[PDB]
Amino acid sequence: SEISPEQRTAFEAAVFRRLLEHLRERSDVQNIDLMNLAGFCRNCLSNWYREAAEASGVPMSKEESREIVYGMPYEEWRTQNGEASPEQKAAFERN
Amino acid sequence: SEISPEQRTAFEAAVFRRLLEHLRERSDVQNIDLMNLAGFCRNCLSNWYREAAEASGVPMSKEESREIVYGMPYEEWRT
Amino acid sequence: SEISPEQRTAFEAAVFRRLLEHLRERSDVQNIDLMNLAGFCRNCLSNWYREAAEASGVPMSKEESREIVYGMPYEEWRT
Amino acid sequence: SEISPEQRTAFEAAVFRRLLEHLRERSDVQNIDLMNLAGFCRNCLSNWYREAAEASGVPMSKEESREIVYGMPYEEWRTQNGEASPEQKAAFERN
Ligand SMILES: [Mg+2]
Ligand SMILES: [Mg+2]
Ligand SMILES: [Mg+2]
Ligand SMILES: [Mg+2]
């Protein structure tokens with residue numbers, strides 16, 4: 001019921017980590033499609049996180065913030081691109 | 001690294017609040033299309049937030065979580 | 001095993017149609033609660049069906065897929 | 001647009017395989033909770049699949065149909081039960 005500002009922040013951070021989980025398992029969900037649809041993507045998330053750290057006095061590169069959001073160097077992730085969609089796996093890769 | 005657990009929490013929470021704000025301004029983006037593309041929507045966000053509070057020992061209703069994500073009662077947003 | 005690819009297709013399709021039928025009769029179960037519990041709902045089913053048709057070379061609209069899953073126009077079900 | 005009965009069946013089977021994927025990745029989603037909520041679970045799916053095979057003249061045990069739905073012997077799956085929820089992983093297993 002009655003929650004502290006430290007609880008609100010803990011719940012925001014944790015829900016953010018749930019989102020990150022989720023975008024990592026929906027590796028098929030393209031950033032451009034996210035961009036086109038929703039005006040953000042995993043890159044906007046990395047940038048906003050960078051902005052937050054820089055405002056807190058923590059210097060951080062584009063690629064450091066991306067490793068945080070992606071869970072691996074962004075290069076390791078986007079070269080793990082080339083792969084069938086969930087609906088194409090289901091259609092052709094099973095029976 | 002040199003970034004403590006509590007710095008991460010700060011940055012993760014700020015980024016979440018910025019997402020929330022950005023979804024409030026992109027009110028033209030339908031939960032349905034977010035769901036069909038990405039497998040989550042504003043209702044999933046409210047659900048994950050509620051589940052986070054529960055996981056931390058704080059019970060919370062479906063409507064409380066939605067108030068938080070939407071920045072208003074859900075039914076007022078539904079308009 | 002002794003069960004061919006085409007037997008599987010038969011059985012998988014029949015089980016899907018039985019699920020569909022069972023969700024039509026459990027119209028008291030809200031898409032929202034299905035979504036918050038299981039991470040899918042009747043709208044995800046319609047979306048997956050549309051994506052299956054697309055994956056097979058057949059374009060299909062959001063409303064066509066929903067007609068199939070709901071057994072009626074979505075808006076008529078929304079009532 | 002205009003689709004054959006063989007296409008309808010192919011799309012039903014494939015959407016069923018997408019569901020099965022999904023329930024396998026949401027291994028945290030309990031059958032009882034599914035039962036309580038929705039009047040079905042992964043066991044009802046196994047049973048219906050069994051009924052369909054038996055009607056097609058294919059004998060199949062309770063446990064064979066379950067291996068089909070679960071993707072592994074049901075024993076290997078339910079002993080891989082005891083594990084933190086997604087929200088508890090996010091809360092306590094990260095920073
Ligand atoms: Mg972006
Ligand atoms: Mg959702
Ligand atoms: Mg859904
Ligand atoms: Mg059941």
# chains A, B, ... in the order shown; residues from 1 in each chain; ligands from 1
call {"tool": "residues_near_ligand", "arguments": {"ligand": "ligand 2", "cutoff": "8 Å", "atoms": "only C-alpha atoms and all ligand atoms", "output": "PyMOL selection string"}}
result
(chain B and resi 31-32+34-35+39-45) or (chain C and resi 32+35-36+39-40)
call {"tool": "write_last_selection", "arguments": {"atoms": "C-alpha atoms", "output": "tab-separated table (two decimals), in the first residue's frame"}}
result
chain	number	residue	atom	x	y	z
B	31	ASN	CA	-0.99	-1.42	-26.71
B	32	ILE	CA	-2.22	-4.05	-29.24
B	34	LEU	CA	3.19	-2.97	-29.16
B	35	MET	CA	2.04	-6.41	-28.05
B	39	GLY	CA	5.39	-9.25	-26.99
B	40	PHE	CA	4.83	-6.55	-24.32
B	41	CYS	CA	2.75	-3.35	-23.90
B	42	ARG	CA	1.81	-0.71	-21.26
B	43	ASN	CA	-0.34	-3.40	-19.59
B	44	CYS	CA	2.71	-5.75	-19.40
B	45	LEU	CA	4.77	-2.90	-17.94
C	32	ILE	CA	-5.84	-9.15	-19.86
C	35	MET	CA	-1.83	-12.03	-20.71
C	36	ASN	CA	-0.72	-11.11	-17.12
C	39	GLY	CA	2.21	-13.89	-21.46
C	40	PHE	CA	-0.30	-14.64	-24.26
call {"tool": "select_by_dssp", "arguments": {"residues": "chain C", "states": "helix (DSSP H, G or I)", "output": "ChimeraX atom specification"}}
result
/C:5-25,31-38,42-55,62-70,74-77
call {"tool": "write_last_selection", "arguments": {"atoms": "C-alpha atoms", "output": "mmCIF file, in the first residue's frame"}}
result
data_model
loop_
_atom_site.group_PDB
_atom_site.id
_atom_site.type_symbol
_atom_site.label_atom_id
_atom_site.label_comp_id
_atom_site.auth_asym_id
_atom_site.auth_seq_id
_atom_site.Cartn_x
_atom_site.Cartn_y
_atom_site.Cartn_z
ATOM 1 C CA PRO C 5 4.735 -35.403 -40.153
ATOM 2 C CA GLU C 6 1.256 -35.333 -41.549
ATOM 3 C CA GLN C 7 -0.288 -37.143 -38.606
ATOM 4 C CA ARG C 8 1.362 -34.574 -36.281
ATOM 5 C CA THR C 9 -0.073 -31.719 -38.326
ATOM 6 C CA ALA C 10 -3.528 -33.301 -38.014
ATOM 7 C CA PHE C 11 -3.230 -33.763 -34.272
ATOM 8 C CA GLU C 12 -1.657 -30.324 -33.620
ATOM 9 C CA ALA C 13 -4.323 -28.599 -35.715
ATOM 10 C CA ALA C 14 -7.142 -30.496 -33.955
ATOM 11 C CA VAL C 15 -5.745 -29.622 -30.529
ATOM 12 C CA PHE C 16 -5.502 -25.939 -31.567
ATOM 13 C CA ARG C 17 -9.115 -25.950 -32.779
ATOM 14 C CA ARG C 18 -10.174 -27.540 -29.470
ATOM 15 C CA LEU C 19 -8.307 -24.786 -27.569
ATOM 16 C CA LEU C 20 -10.052 -22.174 -29.668
ATOM 17 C CA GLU C 21 -13.428 -23.733 -28.951
ATOM 18 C CA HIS C 22 -12.620 -23.925 -25.224
ATOM 19 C CA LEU C 23 -11.691 -20.197 -25.136
ATOM 20 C CA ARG C 24 -14.958 -19.367 -26.912
ATOM 21 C CA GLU C 25 -16.876 -21.167 -24.128
ATOM 22 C CA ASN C 31 -7.549 -11.469 -22.404
ATOM 23 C CA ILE C 32 -5.840 -9.150 -19.859
ATOM 24 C CA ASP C 33 -5.652 -11.886 -17.177
ATOM 25 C CA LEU C 34 -4.513 -14.501 -19.661
ATOM 26 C CA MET C 35 -1.831 -12.033 -20.712
ATOM 27 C CA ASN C 36 -0.720 -11.114 -17.125
ATOM 28 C CA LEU C 37 -0.551 -14.761 -16.124
ATOM 29 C CA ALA C 38 0.686 -16.606 -19.240
ATOM 30 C CA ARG C 42 -6.687 -14.509 -27.711
ATOM 31 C CA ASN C 43 -5.061 -11.484 -29.394
ATOM 32 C CA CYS C 44 -1.643 -13.240 -29.318
ATOM 33 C CA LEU C 45 -3.251 -16.370 -30.767
ATOM 34 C CA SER C 46 -4.764 -14.299 -33.637
ATOM 35 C CA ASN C 47 -1.380 -12.630 -34.112
ATOM 36 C CA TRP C 48 0.499 -15.945 -34.206
ATOM 37 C CA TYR C 49 -2.017 -17.310 -36.708
ATOM 38 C CA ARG C 50 -1.604 -14.293 -38.957
ATOM 39 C CA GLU C 51 2.229 -14.627 -38.699
ATOM 40 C CA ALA C 52 1.877 -18.350 -39.602
ATOM 41 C CA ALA C 53 -0.075 -17.532 -42.695
ATOM 42 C CA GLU C 54 2.535 -14.826 -43.646
ATOM 43 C CA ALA C 55 5.387 -17.260 -43.011
ATOM 44 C CA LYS C 62 -5.327 -8.403 -38.372
ATOM 45 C CA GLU C 63 -9.136 -8.671 -38.535
ATOM 46 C CA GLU C 64 -9.119 -11.865 -40.675
ATOM 47 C CA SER C 65 -6.870 -13.555 -38.108
ATOM 48 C CA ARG C 66 -9.170 -12.372 -35.303
ATOM 49 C CA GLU C 67 -12.318 -13.623 -37.064
ATOM 50 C CA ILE C 68 -10.660 -17.049 -37.193
ATOM 51 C CA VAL C 69 -9.656 -17.160 -33.495
ATOM 52 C CA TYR C 70 -12.791 -15.517 -32.095
ATOM 53 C CA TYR C 74 -13.575 -8.993 -32.842
ATOM 54 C CA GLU C 75 -15.863 -5.963 -32.199
ATOM 55 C CA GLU C 76 -18.910 -8.225 -31.932
ATOM 56 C CA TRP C 77 -16.966 -10.260 -29.330
#
call {"tool": "interface_residues", "arguments": {"of": "chain A", "to": "chain D", "cutoff": "10 Å", "atoms": "only C-alpha atoms", "output": "PyMOL selection string"}}
result
chain A and resi 10-11+13-21+25+86-92+94-95
call {"tool": "residues_near_ligand", "arguments": {"ligand": "ligand 4", "cutoff": "7 Å", "atoms": "only C-alpha atoms and all ligand atoms", "output": "mmCIF file with C-alpha atoms, in the first residue's frame"}}
result
data_model
loop_
_atom_site.group_PDB
_atom_site.id
_atom_site.type_symbol
_atom_site.label_atom_id
_atom_site.label_comp_id
_atom_site.auth_asym_id
_atom_site.auth_seq_id
_atom_site.Cartn_x
_atom_site.Cartn_y
_atom_site.Cartn_z
ATOM 1 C CA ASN D 31 -0.477 -25.321 -14.810
ATOM 2 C CA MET D 35 -6.218 -24.223 -14.623
ATOM 3 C CA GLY D 39 -9.939 -24.001 -17.285
ATOM 4 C CA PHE D 40 -7.081 -25.537 -19.241
ATOM 5 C CA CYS D 41 -3.362 -26.102 -18.830
ATOM 6 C CA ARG D 42 -0.536 -27.997 -20.545
ATOM 7 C CA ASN D 43 -2.151 -31.208 -19.287
ATOM 8 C CA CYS D 44 -5.498 -30.449 -21.009
#
call {"tool": "atom_distance", "arguments": {"atom1": "atom CA of residue 70 of chain D", "atom2": "atom CA of residue 24 of chain D"}}
result
6.7 Å
call {"tool": "interface_residues", "arguments": {"of": "chain A", "to": "chain B", "cutoff": "10 Å", "atoms": "only C-alpha atoms", "output": "NGL selection string"}}
result
:A and (1-3 or 7-19 or 22-23 or 26-31 or 33-34 or 37-40 or 44-56 or 58 or 68-69)
